[PDB]
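**Student:** Quick one: the structure is below, questions incoming.
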Protein chains: 2
Amino acid sequence: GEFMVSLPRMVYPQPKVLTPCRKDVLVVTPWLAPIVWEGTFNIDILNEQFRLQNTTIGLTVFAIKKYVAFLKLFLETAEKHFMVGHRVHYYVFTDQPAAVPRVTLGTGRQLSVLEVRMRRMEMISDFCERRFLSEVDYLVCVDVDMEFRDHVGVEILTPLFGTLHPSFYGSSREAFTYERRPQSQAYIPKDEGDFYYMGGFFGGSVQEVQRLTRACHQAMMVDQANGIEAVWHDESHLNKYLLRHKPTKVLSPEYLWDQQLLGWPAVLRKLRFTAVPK
Amino acid sequence: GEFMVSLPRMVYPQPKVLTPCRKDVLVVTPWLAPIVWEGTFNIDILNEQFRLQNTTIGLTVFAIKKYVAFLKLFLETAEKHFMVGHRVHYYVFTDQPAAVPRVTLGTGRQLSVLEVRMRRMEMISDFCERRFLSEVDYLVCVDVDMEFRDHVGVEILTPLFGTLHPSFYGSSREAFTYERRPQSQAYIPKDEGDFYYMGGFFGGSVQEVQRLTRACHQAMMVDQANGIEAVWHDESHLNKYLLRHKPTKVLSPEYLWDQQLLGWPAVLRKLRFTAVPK
Ligand SMILES: O=c1ccn([C@@H]2O[C@H](COP(=O)(O)OP(=O)(O)O[C@H]3O[C@H](CO)[C@@H](O)[C@H](O)[C@H]3O)[C@@H](O)[C@H]2O)c(=O)[nH]1
Ligand SMILES: O=c1ccn([C@@H]2O[C@H](COP(=O)(O)OP(=O)(O)O[C@H]3O[C@H](CO)[C@@H](O)[C@H](O)[C@H]3O)[C@@H](O)[C@H]2O)c(=O)[nH]1
Ligand SMILES: [Mn+2]
Ligand SMILES: [Mn+2]
């Protein structure tokens, strides 16, 4: 939110008011948050805006036990596709610091290995609060069993975002696998819900991510004290939070896809961040 | 930007990802700002969000010389349609305080008469900076020769907005009546421009409106010192500013229409704020 200097002169195609970018999908939520699909953004304009703020993006990823095997491909493909041209700080949380692969990084990019012993929400909020506030402007929190195949850039950045789960974007809300037991803090009735957000890709400003992760951690602790575990764990709580605190952007399933499970439907022009067999 | 409490439970239609709200118009800019049309927003969700922040909206209007005649209809229709349910502070700038009509206001709404002797941008920035920062969260700056016919509410609120001029929303950029002389600070080349914004309806947070009005006032003073007056005066400068500082929402021409001049085209589902004969 600091003073924003003027954009330079730029030559690009004029947006046309009577020509939608995309007619096949919803590109704005009913609370006026953009839903990010290919064709909705001019990345040159966005890159200018975010570079003029010297934006730094933190990316958190957990690689515990056997999941350290996923780091090499995750990080090497992140170097090809994630926020290229911007300042990036990777935070790799692991129980095996020596198993973190030595990955060559582009300029302006750094990696920190954070040793650790549910945990994700606690670890993001409780332990790293002060560090993240000092070091980055935005946090992006993702699963490790993944690879980048195409551009994932500043179009995602906003105070708070979630990602449409690739298995549920066409589903009606009654079919969503929200927690349905009223005894859980994650409870959502059958007549509520905007979207089903996937636990493996959310983010926002540091402040908003710390709010989300704190709230989810607190709600998970209440459930534990009451002897209940939400059906989809942290994802159930994330869904409850984003129902009650609307995200300021929503990422389309371009941003979290499983090609082996779901193919490559017409509505996806790009597959950006995709599941690796586990 | 203060801590946002949770929304309550709400029952409303599920947004459907594979059903666009509107297929006939562009509903998001290439820099991911919503373009506000009827059908794109659920006003119940937005009202909740903004009431939970106890939002106060300031509305500035100038009524100098014969234009004091427009105040009664302007204000009486604003009471019917502008931010109803929210805190509103009208700021009426006039050379004839005694000619301001006595208009009955709903609860939580107030009106201040500010006596005055180009001026609008200066008067909004220079003279009223401290007052607005203390009194309101957002400023909305409009022409007085107008009436409200339908809802104008919190869907417009955002850090910085402009409104699509009703005569130019279908025009290509070369046809826009931007200032075209390189000697003016408002100069825009024929290969630049997103939209033609109308000078009679802009706004944003107090901070962003003070930035815009300060910059436009400064640019107008430079032009005056150089012996040039932009083709459309403050509107030319507003257009230059919004080209270089992209608005975070854009209002459709629903929000500034002239029915006598332009009728009621199919693309307009509502005529919200409309020209009165002058
Ligand atoms: O032994 C493990 C298990 C998990 N993880 C981490 O936790 C993530 C999530 O586990 P994963 O096995 O990838 O589960 P998924 O079924 O892909 O997870 C989905 O469902 C989970 C809820 O059950 C959410 O926590 C996830 O974010 C959501 O993407 C992994 O990517 C790792 O980052 C480890 O590091 N080691
Ligand atoms: O004698 C006057 C003249 C103007 N105004 C104020 O200035 C506004 C703009 O003048 P108007 O006569 O309404 O001009 P328009 O042609 O409707 O204005 C368009 O074009 C102007 C640039 O020429 C911009 O300043 C306007 O905001 C834009 O709406 C009026 O609504 C009043 O608020 C007065 O109060 N008294
Ligand atoms: Mn996973
Ligand atoms: Mn006018």
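In the structure tokens, chains take letters A, B, ... by order of appearance, with residues numbered from 1 within each chain and ligands from 1 in the order shown.
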Which neighbours of residue B:92 fall inside 12 Å, counting only C-alpha atoms, when residues of the same chain fewer than 6 positions from it are skipped, and could you give them as a VMD selection string?
**Tutor:** chain B and resid 58 to 64 67 to 68 70 to 72 74 to 75 98 to 101 110 to 116 120 123 to 124 141 to 144
**Student:** As a list in words, please: the residues near residue A:158 (cut-off 10 Å, only C-alpha atoms, same-chain neighbours under 2 positions excluded).
**Tutor:**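 Residues meeting the cut-off are residues 33, 138, 154, 155, 156, 160, 161, 203, 204, 205, 208, 247, 248, 249 and 250 of chain A.
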**Student:** For chain B, work out the contacting residues on chain A at 8 Å, counting only C-alpha atoms, and write them as an mmCIF file with N, CA, C and O atoms, in the first residue's frame.
**Tutor:**
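Writing the result to selection_25.cif gives the following:
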data_model
loop_
_atom_site.group_PDB
_atom_site.id
_atom_site.type_symbol
_atom_site.label_atom_id
_atom_site.label_comp_id
_atom_site.auth_asym_id
_atom_site.auth_seq_id
_atom_site.Cartn_x
_atom_site.Cartn_y
_atom_site.Cartn_z
ATOM 1 N N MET A 4 2.247 4.919 -5.005
ATOM 2 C CA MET A 4 2.410 4.236 -6.292
ATOM 3 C C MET A 4 2.797 5.268 -7.340
ATOM 4 O O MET A 4 2.010 6.161 -7.654
ATOM 5 N N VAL A 5 4.010 5.157 -7.874
ATOM 6 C CA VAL A 5 4.427 6.007 -8.986
ATOM 7 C C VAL A 5 3.655 5.667 -10.267
ATOM 8 O O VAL A 5 3.046 4.594 -10.403
ATOM 9 N N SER A 6 3.713 6.599 -11.201
ATOM 10 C CA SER A 6 3.021 6.469 -12.470
ATOM 11 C C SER A 6 3.572 5.312 -13.284
ATOM 12 O O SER A 6 4.785 5.073 -13.299
ATOM 13 N N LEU A 7 2.695 4.619 -14.000
ATOM 14 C CA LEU A 7 3.131 3.657 -15.006
ATOM 15 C C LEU A 7 3.781 4.405 -16.159
ATOM 16 O O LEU A 7 3.377 5.524 -16.479
ATOM 17 N N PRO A 8 4.784 3.797 -16.814
ATOM 18 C CA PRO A 8 5.259 4.386 -18.062
ATOM 19 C C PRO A 8 4.277 4.211 -19.201
ATOM 20 O O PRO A 8 3.327 3.405 -19.096
ATOM 21 N N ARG A 9 4.503 4.922 -20.309
ATOM 22 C CA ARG A 9 3.788 4.644 -21.560
ATOM 23 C C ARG A 9 3.910 3.163 -21.923
ATOM 24 O O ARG A 9 5.012 2.612 -21.880
ATOM 25 N N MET A 10 2.802 2.550 -22.335
ATOM 26 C CA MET A 10 2.767 1.159 -22.778
ATOM 27 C C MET A 10 1.858 1.048 -23.979
ATOM 28 O O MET A 10 0.836 1.718 -24.029
ATOM 29 N N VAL A 11 2.227 0.194 -24.931
ATOM 30 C CA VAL A 11 1.403 -0.067 -26.115
ATOM 31 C C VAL A 11 0.856 -1.476 -25.997
ATOM 32 O O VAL A 11 1.609 -2.443 -25.951
ATOM 33 N N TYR A 12 -0.464 -1.600 -25.940
ATOM 34 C CA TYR A 12 -1.103 -2.905 -25.802
ATOM 35 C C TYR A 12 -2.513 -2.812 -26.355
ATOM 36 O O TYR A 12 -3.018 -1.696 -26.547
ATOM 37 N N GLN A 14 -6.369 -2.440 -26.860
ATOM 38 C CA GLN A 14 -7.406 -1.749 -26.091
ATOM 39 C C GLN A 14 -8.421 -2.744 -25.567
ATOM 40 O O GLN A 14 -8.930 -3.544 -26.338
ATOM 41 N N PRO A 15 -8.755 -2.678 -24.265
ATOM 42 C CA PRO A 15 -9.853 -3.516 -23.800
ATOM 43 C C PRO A 15 -11.144 -2.980 -24.405
ATOM 44 O O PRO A 15 -11.303 -1.767 -24.525
ATOM 45 N N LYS A 16 -12.017 -3.874 -24.831
ATOM 46 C CA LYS A 16 -13.256 -3.474 -25.463
ATOM 47 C C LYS A 16 -14.418 -3.880 -24.585
ATOM 48 O O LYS A 16 -14.628 -5.042 -24.269
ATOM 49 N N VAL A 17 -15.185 -2.878 -24.233
ATOM 50 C CA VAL A 17 -16.244 -2.990 -23.272
ATOM 51 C C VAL A 17 -17.354 -3.973 -23.713
ATOM 52 O O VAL A 17 -17.925 -4.689 -22.890
ATOM 53 N N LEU A 18 -17.621 -4.009 -25.014
ATOM 54 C CA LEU A 18 -18.663 -4.867 -25.579
ATOM 55 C C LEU A 18 -18.129 -6.199 -26.128
ATOM 56 O O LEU A 18 -18.864 -6.925 -26.816
ATOM 57 N N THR A 19 -16.864 -6.506 -25.795
ATOM 58 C CA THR A 19 -16.226 -7.809 -26.016
ATOM 59 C C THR A 19 -15.710 -8.368 -24.668
ATOM 60 O O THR A 19 -14.685 -7.906 -24.150
ATOM 61 N N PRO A 20 -16.406 -9.348 -24.082
ATOM 62 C CA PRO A 20 -15.841 -10.051 -22.911
ATOM 63 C C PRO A 20 -14.554 -10.784 -23.263
ATOM 64 O O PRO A 20 -14.416 -11.248 -24.402
ATOM 65 N N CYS A 21 -13.636 -10.881 -22.297
ATOM 66 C CA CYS A 21 -12.419 -11.688 -22.453
ATOM 67 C C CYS A 21 -12.836 -13.167 -22.611
ATOM 68 O O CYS A 21 -12.559 -13.798 -23.634
ATOM 69 N N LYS A 23 -16.282 -15.752 -22.240
ATOM 70 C CA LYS A 23 -17.746 -15.925 -22.161
ATOM 71 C C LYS A 23 -18.186 -17.281 -21.622
ATOM 72 O O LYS A 23 -19.385 -17.510 -21.394
ATOM 73 N N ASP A 24 -17.237 -18.193 -21.440
ATOM 74 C CA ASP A 24 -17.504 -19.573 -21.037
ATOM 75 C C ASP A 24 -17.398 -19.812 -19.528
ATOM 76 O O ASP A 24 -17.754 -20.894 -19.044
ATOM 77 N N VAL A 25 -16.861 -18.821 -18.794
ATOM 78 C CA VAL A 25 -16.643 -18.958 -17.364
ATOM 79 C C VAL A 25 -16.981 -17.656 -16.640
ATOM 80 O O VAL A 25 -16.928 -16.576 -17.215
ATOM 81 N N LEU A 26 -17.284 -17.802 -15.353
ATOM 82 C CA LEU A 26 -17.425 -16.685 -14.424
ATOM 83 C C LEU A 26 -16.047 -16.094 -14.122
ATOM 84 O O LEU A 26 -15.154 -16.823 -13.651
ATOM 85 N N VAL A 27 -15.874 -14.807 -14.396
ATOM 86 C CA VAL A 27 -14.592 -14.140 -14.200
ATOM 87 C C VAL A 27 -14.588 -13.140 -13.041
ATOM 88 O O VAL A 27 -13.554 -12.544 -12.742
ATOM 89 N N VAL A 28 -15.717 -12.999 -12.355
ATOM 90 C CA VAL A 28 -15.798 -12.153 -11.140
ATOM 91 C C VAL A 28 -16.777 -12.804 -10.183
ATOM 92 O O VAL A 28 -17.836 -13.249 -10.611
ATOM 93 N N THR A 29 -16.452 -12.828 -8.899
ATOM 94 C CA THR A 29 -17.368 -13.367 -7.899
ATOM 95 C C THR A 29 -18.489 -12.366 -7.585
ATOM 96 O O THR A 29 -18.372 -11.186 -7.900
ATOM 97 N N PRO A 30 -19.553 -12.822 -6.901
ATOM 98 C CA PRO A 30 -20.628 -11.860 -6.517
ATOM 99 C C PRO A 30 -20.228 -10.824 -5.475
ATOM 100 O O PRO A 30 -20.990 -9.897 -5.238
ATOM 101 N N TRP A 31 -19.047 -10.947 -4.865
ATOM 102 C CA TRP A 31 -18.490 -9.900 -4.033
ATOM 103 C C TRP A 31 -17.385 -9.116 -4.751
ATOM 104 O O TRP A 31 -16.590 -8.427 -4.111
ATOM 105 N N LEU A 32 -17.369 -9.195 -6.082
ATOM 106 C CA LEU A 32 -16.513 -8.361 -6.918
ATOM 107 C C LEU A 32 -15.020 -8.674 -6.768
ATOM 108 O O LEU A 32 -14.173 -7.791 -6.870
ATOM 109 N N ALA A 33 -14.711 -9.950 -6.541
ATOM 110 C CA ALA A 33 -13.324 -10.419 -6.617
ATOM 111 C C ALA A 33 -13.107 -11.061 -7.990
ATOM 112 O O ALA A 33 -13.878 -11.926 -8.391
ATOM 113 N N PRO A 34 -12.046 -10.671 -8.693
ATOM 114 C CA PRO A 34 -11.721 -11.382 -9.922
ATOM 115 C C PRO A 34 -11.455 -12.879 -9.710
ATOM 116 O O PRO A 34 -10.892 -13.284 -8.703
ATOM 117 N N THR A 40 -7.989 -13.136 -19.026
ATOM 118 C CA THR A 40 -8.573 -12.051 -18.228
ATOM 119 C C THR A 40 -7.582 -10.960 -17.850
ATOM 120 O O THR A 40 -8.012 -9.890 -17.438
ATOM 121 N N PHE A 41 -6.277 -11.213 -17.983
ATOM 122 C CA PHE A 41 -5.268 -10.262 -17.533
ATOM 123 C C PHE A 41 -4.206 -10.017 -18.570
ATOM 124 O O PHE A 41 -3.841 -10.933 -19.325
ATOM 125 N N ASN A 42 -3.726 -8.782 -18.606
ATOM 126 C CA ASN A 42 -2.549 -8.391 -19.350
ATOM 127 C C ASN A 42 -1.396 -8.415 -18.360
ATOM 128 O O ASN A 42 -1.272 -7.556 -17.479
ATOM 129 N N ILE A 43 -0.544 -9.414 -18.517
ATOM 130 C CA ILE A 43 0.566 -9.617 -17.581
ATOM 131 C C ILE A 43 1.613 -8.511 -17.637
ATOM 132 O O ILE A 43 2.306 -8.254 -16.672
ATOM 133 N N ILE A 45 0.948 -5.257 -17.909
ATOM 134 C CA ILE A 45 0.473 -4.210 -17.031
ATOM 135 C C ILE A 45 0.682 -4.618 -15.580
ATOM 136 O O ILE A 45 1.202 -3.859 -14.778
ATOM 137 N N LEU A 46 0.312 -5.847 -15.257
ATOM 138 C CA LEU A 46 0.471 -6.310 -13.884
ATOM 139 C C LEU A 46 1.935 -6.370 -13.448
ATOM 140 O O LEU A 46 2.287 -5.951 -12.345
ATOM 141 N N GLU A 155 -0.432 -11.853 -11.239
ATOM 142 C CA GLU A 155 -1.886 -11.869 -11.372
ATOM 143 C C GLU A 155 -2.584 -12.501 -10.175
ATOM 144 O O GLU A 155 -3.754 -12.215 -9.945
ATOM 145 N N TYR A 169 -15.164 -27.605 -9.321
ATOM 146 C CA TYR A 169 -15.501 -26.282 -9.861
ATOM 147 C C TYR A 169 -16.853 -26.275 -10.584
ATOM 148 O O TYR A 169 -17.513 -25.240 -10.629
ATOM 149 N N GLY A 170 -17.275 -27.427 -11.104
ATOM 150 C CA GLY A 170 -18.604 -27.543 -11.742
ATOM 151 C C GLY A 170 -19.702 -28.077 -10.843
ATOM 152 O O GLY A 170 -20.828 -28.274 -11.309
ATOM 153 N N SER A 172 -22.461 -28.395 -7.669
ATOM 154 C CA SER A 172 -23.348 -27.579 -6.863
ATOM 155 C C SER A 172 -22.943 -27.749 -5.402
ATOM 156 O O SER A 172 -22.303 -28.750 -5.016
ATOM 157 N N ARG A 173 -23.328 -26.778 -4.584
ATOM 158 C CA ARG A 173 -22.759 -26.639 -3.238
ATOM 159 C C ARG A 173 -23.100 -27.805 -2.308
ATOM 160 O O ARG A 173 -22.326 -28.152 -1.428
ATOM 161 N N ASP A 191 -27.003 -25.432 2.536
ATOM 162 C CA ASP A 191 -27.462 -24.231 1.834
ATOM 163 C C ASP A 191 -26.475 -23.058 1.882
ATOM 164 O O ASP A 191 -26.818 -21.949 1.481
ATOM 165 N N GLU A 192 -25.252 -23.296 2.353
ATOM 166 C CA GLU A 192 -24.204 -22.267 2.329
ATOM 167 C C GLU A 192 -23.014 -22.732 1.517
ATOM 168 O O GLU A 192 -22.810 -23.924 1.281
ATOM 169 N N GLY A 193 -22.208 -21.769 1.077
ATOM 170 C CA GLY A 193 -20.993 -22.065 0.327
ATOM 171 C C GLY A 193 -20.980 -21.350 -1.008
ATOM 172 O O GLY A 193 -21.971 -21.360 -1.748
ATOM 173 N N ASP A 194 -19.851 -20.725 -1.340
ATOM 174 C CA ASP A 194 -19.641 -20.159 -2.663
ATOM 175 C C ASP A 194 -18.941 -21.168 -3.555
ATOM 176 O O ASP A 194 -19.403 -21.490 -4.641
ATOM 177 N N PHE A 195 -17.782 -21.633 -3.087
ATOM 178 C CA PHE A 195 -16.882 -22.508 -3.855
ATOM 179 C C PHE A 195 -16.272 -23.540 -2.912
ATOM 180 O O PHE A 195 -16.281 -23.364 -1.697
ATOM 181 N N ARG A 244 -16.558 -17.210 5.350
ATOM 182 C CA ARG A 244 -16.832 -16.109 6.285
ATOM 183 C C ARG A 244 -15.981 -14.857 6.055
ATOM 184 O O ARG A 244 -16.308 -13.789 6.571
ATOM 185 N N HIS A 245 -14.874 -15.008 5.323
ATOM 186 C CA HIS A 245 -13.926 -13.941 4.973
ATOM 187 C C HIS A 245 -13.658 -14.084 3.503
ATOM 188 O O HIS A 245 -12.816 -14.878 3.111
#
**Student:** If the limit is 9 Å from any atom of ligand 3, counting only C-alpha atoms and all ligand atoms, which residues qualify? Return them as a list in words.
**Tutor:**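 With only C-alpha atoms and all ligand atoms and a cut-off of 9 Å, ligand 3 is contacted by residues 142, 143, 144, 145, 146, 199, 200, 275, 276 and 278 of chain A.
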**Student:** Give me, as a PyMOL selection string, all polymer residues having an atom no more than 10 Å from stretch 180-182 of chain B, counting only C-alpha atoms and skipping those fewer than 6 positions away in the same chain.
**Tutor:** chain B and resi 188-190+228+230-231+236
**Student:** Could those residues be written to a file, using N, CA and C atoms, as a PDB file, in the first residue's frame?
**Tutor:**
ATOM      1  N   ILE B 188      -2.268  12.358 -24.260  1.00  0.00           N
ATOM      2  CA  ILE B 188      -2.309  10.907 -24.457  1.00  0.00           C
ATOM      3  C   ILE B 188      -2.226  10.648 -25.966  1.00  0.00           C
ATOM      4  N   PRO B 189      -1.172   9.938 -26.418  1.00  0.00           N
ATOM      5  CA  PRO B 189      -1.058   9.526 -27.817  1.00  0.00           C
ATOM      6  C   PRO B 189      -2.196   8.641 -28.309  1.00  0.00           C
ATOM      7  N   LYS B 190      -2.386   8.595 -29.628  1.00  0.00           N
ATOM      8  CA  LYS B 190      -3.469   7.821 -30.241  1.00  0.00           C
ATOM      9  C   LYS B 190      -3.418   6.294 -30.037  1.00  0.00           C
ATOM     10  N   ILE B 228      -1.659  26.747 -21.938  1.00  0.00           N
ATOM     11  CA  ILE B 228      -2.500  25.767 -22.616  1.00  0.00           C
ATOM     12  C   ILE B 228      -3.600  25.312 -21.656  1.00  0.00           C
ATOM     13  N   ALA B 230      -6.368  22.152 -21.411  1.00  0.00           N
ATOM     14  CA  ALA B 230      -6.754  20.870 -21.987  1.00  0.00           C
ATOM     15  C   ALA B 230      -8.173  20.901 -22.554  1.00  0.00           C
ATOM     16  N   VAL B 231      -8.354  20.184 -23.655  1.00  0.00           N
ATOM     17  CA  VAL B 231      -9.595  20.182 -24.439  1.00  0.00           C
ATOM     18  C   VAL B 231     -10.857  19.991 -23.593  1.00  0.00           C
ATOM     19  N   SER B 236      -9.885  15.859 -18.954  1.00  0.00           N
ATOM     20  CA  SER B 236      -8.678  15.455 -19.664  1.00  0.00           C
ATOM     21  C   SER B 236      -7.561  14.988 -18.724  1.00  0.00           C
TER      22      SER B 236
END
**Student:** Could you work out how far atom CA of residue B:234 lies from atom CA of residue B:183, giving the answer in Å with one decimal?
**Tutor:**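 Taking atom CA of residue B:183 as the start and atom CA of residue B:234 as the end point, the length is 16.1 Å.
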**Student:** Mind the document's chain letters and residue numbers, and return as a list in words the residues of stretch 159-195 of chain B that DSSP labels strand (DSSP E or B).
**Tutor:**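 Those residues are residues 160, 161, 162, 163 and 164 of chain B.
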**Student:** Suppose we keep N, CA and C atoms; can you now write the selection as a tab-separated table (two decimals), in the first residue's frame?
**Tutor:**
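Now in out11.tsv:
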chain	number	residue	atom	x	y	z
B	160	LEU	N	-9.70	3.23	-5.70
B	160	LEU	CA	-9.77	4.25	-6.74
B	160	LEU	C	-10.70	3.79	-7.86
B	161	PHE	N	-11.69	4.61	-8.20
B	161	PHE	CA	-12.57	4.27	-9.32
B	161	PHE	C	-12.79	5.44	-10.25
B	162	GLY	N	-13.01	5.08	-11.52
B	162	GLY	CA	-13.58	5.99	-12.51
B	162	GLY	C	-14.80	5.35	-13.15
B	163	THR	N	-15.50	6.13	-13.97
B	163	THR	CA	-16.77	5.75	-14.58
B	163	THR	C	-16.63	5.87	-16.09
B	164	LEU	N	-17.09	4.84	-16.80
B	164	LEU	CA	-17.10	4.91	-18.27
B	164	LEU	C	-18.05	5.98	-18.78
**Student:** So that I can see what lies close to residue A:167, please list as an NGL selection string the residues with an atom at most 10 Å from it, counting only C-alpha atoms and leaving out residues fewer than 3 positions away in the same chain.
**Tutor:** :A and (164 or 170-171 or 176 or 196 or 198 or 253 or 257-258 or 261-262)
**Student:** Let's have the selection written as a compact mmCIF listing (two decimals), in the first residue's frame, with N, CA and C atoms.
**Tutor:**
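File written: out-v4.txt
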# COMPACT_ATOMS: atom_id res chain seq x y z
N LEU A 164 -9.85 -22.55 -6.73
CA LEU A 164 -10.91 -23.54 -6.97
C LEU A 164 -10.36 -24.95 -7.10
N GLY A 170 -17.28 -27.43 -11.10
CA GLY A 170 -18.60 -27.54 -11.74
C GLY A 170 -19.70 -28.08 -10.84
N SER A 171 -19.41 -28.31 -9.57
CA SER A 171 -20.33 -28.96 -8.65
C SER A 171 -21.25 -27.95 -8.00
N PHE A 176 -20.39 -30.36 -2.45
CA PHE A 176 -19.09 -30.02 -1.88
C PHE A 176 -18.82 -30.85 -0.64
N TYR A 196 -15.69 -24.59 -3.49
CA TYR A 196 -14.82 -25.49 -2.74
C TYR A 196 -13.37 -25.18 -3.10
N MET A 198 -9.26 -25.51 -2.69
CA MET A 198 -8.32 -26.59 -2.36
C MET A 198 -7.28 -26.09 -1.39
N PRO A 253 -9.04 -23.25 -11.67
CA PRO A 253 -8.32 -24.52 -11.53
C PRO A 253 -7.11 -24.65 -12.44
N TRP A 257 -4.22 -28.28 -10.74
CA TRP A 257 -4.85 -29.25 -11.64
C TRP A 257 -4.21 -30.61 -11.48
N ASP A 258 -4.96 -31.66 -11.81
CA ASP A 258 -4.44 -33.03 -11.86
C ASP A 258 -4.80 -33.58 -13.22
N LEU A 261 -5.90 -37.41 -13.40
CA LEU A 261 -7.25 -37.62 -12.91
C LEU A 261 -8.31 -36.97 -13.79
N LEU A 262 -8.03 -35.80 -14.36
CA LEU A 262 -9.09 -34.93 -14.90
C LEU A 262 -8.87 -34.49 -16.35
**Student:** Just how far from atom CA of residue B:132 is atom CA of residue B:91, in Å to one decimal?
**Tutor:**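 Those two atoms sit 9.7 Å apart.
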**Student:** If I take atom CA of residue B:274 and atom CA of residue B:66, how far is one from the other in Å, to one decimal?
**Tutor:**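 Distance between the two atoms: 19.0 Å.
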**Student:** Mind checking DSSP for stretch 178-211 of chain B and telling me the alpha helix (DSSP H) residues as a PDB file with N, CA and C atoms, in the first residue's frame?
**Tutor:**
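Result file part_37.pdb:
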ATOM      1  N   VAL B 206     -10.171   8.122   0.772  1.00  0.00           N
ATOM      2  CA  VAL B 206      -9.775   9.512   0.896  1.00  0.00           C
ATOM      3  C   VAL B 206      -8.345   9.727   0.410  1.00  0.00           C
ATOM      4  N   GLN B 207      -7.441   8.826   0.799  1.00  0.00           N
ATOM      5  CA  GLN B 207      -6.045   8.937   0.391  1.00  0.00           C
ATOM      6  C   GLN B 207      -5.889   8.934  -1.117  1.00  0.00           C
ATOM      7  N   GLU B 208      -6.579   8.025  -1.798  1.00  0.00           N
ATOM      8  CA  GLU B 208      -6.416   7.937  -3.244  1.00  0.00           C
ATOM      9  C   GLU B 208      -7.087   9.084  -3.979  1.00  0.00           C
ATOM     10  N   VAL B 209      -8.205   9.564  -3.458  1.00  0.00           N
ATOM     11  CA  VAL B 209      -8.854  10.719  -4.066  1.00  0.00           C
ATOM     12  C   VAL B 209      -8.012  11.974  -3.865  1.00  0.00           C
ATOM     13  N   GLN B 210      -7.386  12.111  -2.698  1.00  0.00           N
ATOM     14  CA  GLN B 210      -6.514  13.280  -2.488  1.00  0.00           C
ATOM     15  C   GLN B 210      -5.293  13.192  -3.402  1.00  0.00           C
ATOM     16  N   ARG B 211      -4.759  11.993  -3.620  1.00  0.00           N
ATOM     17  CA  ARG B 211      -3.664  11.828  -4.595  1.00  0.00           C
ATOM     18  C   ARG B 211      -4.059  12.222  -6.002  1.00  0.00           C
TER      19      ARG B 211
END
**Student:** Identify which of the residues A:239, A:224, A:55, A:107 lies closest to ligand 1, counting only C-alpha atoms and all ligand atoms when measuring atom-to-atom distances.
**Tutor:**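 The closest residue to ligand 1 is A:239.
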**Student:** Within 8 Å of residue B:220, counting only C-alpha atoms, which residues show up once you throw out same-chain ones fewer than 5 positions away? Write them as a PDB file with N, CA and C atoms, in the first residue's frame, please.
**Tutor:**
ATOM      1  N   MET B 118     -11.122  23.133 -12.656  1.00  0.00           N
ATOM      2  CA  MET B 118     -10.115  23.962 -11.969  1.00  0.00           C
ATOM      3  C   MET B 118     -10.256  24.011 -10.438  1.00  0.00           C
ATOM      4  N   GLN B 185       0.189  18.629 -20.190  1.00  0.00           N
ATOM      5  CA  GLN B 185       0.365  17.549 -19.224  1.00  0.00           C
ATOM      6  C   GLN B 185      -0.671  16.438 -19.366  1.00  0.00           C
ATOM      7  N   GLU B 229      -4.792  25.073 -22.198  1.00  0.00           N
ATOM      8  CA  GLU B 229      -5.928  24.553 -21.438  1.00  0.00           C
ATOM      9  C   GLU B 229      -6.388  23.277 -22.132  1.00  0.00           C
ATOM     10  N   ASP B 234     -10.684  19.545 -16.521  1.00  0.00           N
ATOM     11  CA  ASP B 234     -10.378  18.548 -15.499  1.00  0.00           C
ATOM     12  C   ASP B 234     -10.524  17.106 -16.005  1.00  0.00           C
ATOM     13  N   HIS B 237      -7.368  15.735 -17.643  1.00  0.00           N
ATOM     14  CA  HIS B 237      -6.393  15.384 -16.608  1.00  0.00           C
ATOM     15  C   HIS B 237      -6.757  14.119 -15.819  1.00  0.00           C
TER      16      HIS B 237
END
**Student:** I want to know what sits within 9 Å of residue B:83, based on only C-alpha atoms, with residues of the same chain fewer than 5 positions away left out; could you give that as a compact mmCIF listing (two decimals) with C-alpha atoms, in the first residue's frame?
**Tutor:**
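Contents of result-v8.txt, as written:
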# COMPACT_ATOMS: atom_id res chain seq x y z
CA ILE B 57 -19.06 7.68 2.50
CA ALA B 78 -29.60 10.77 -3.32
CA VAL B 88 -23.21 9.39 4.43
CA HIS B 151 -29.40 2.01 -6.57
CA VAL B 152 -25.89 3.46 -6.22
CA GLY B 153 -24.27 1.66 -3.33
CA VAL B 154 -21.21 0.09 -1.81
**Student:** Here is a test: counting only C-alpha atoms and all ligand atoms, which residue of B:268, B:175, B:147, B:103 is nearest to ligand 4?
**Tutor:** B:147
**Student:** Using only C-alpha atoms and all ligand atoms, which of B:117, B:87, B:102, B:130 sits nearest ligand 2?
**Tutor:**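 Looking only at the distances to ligand 2, the closest residue turns out to be B:117.
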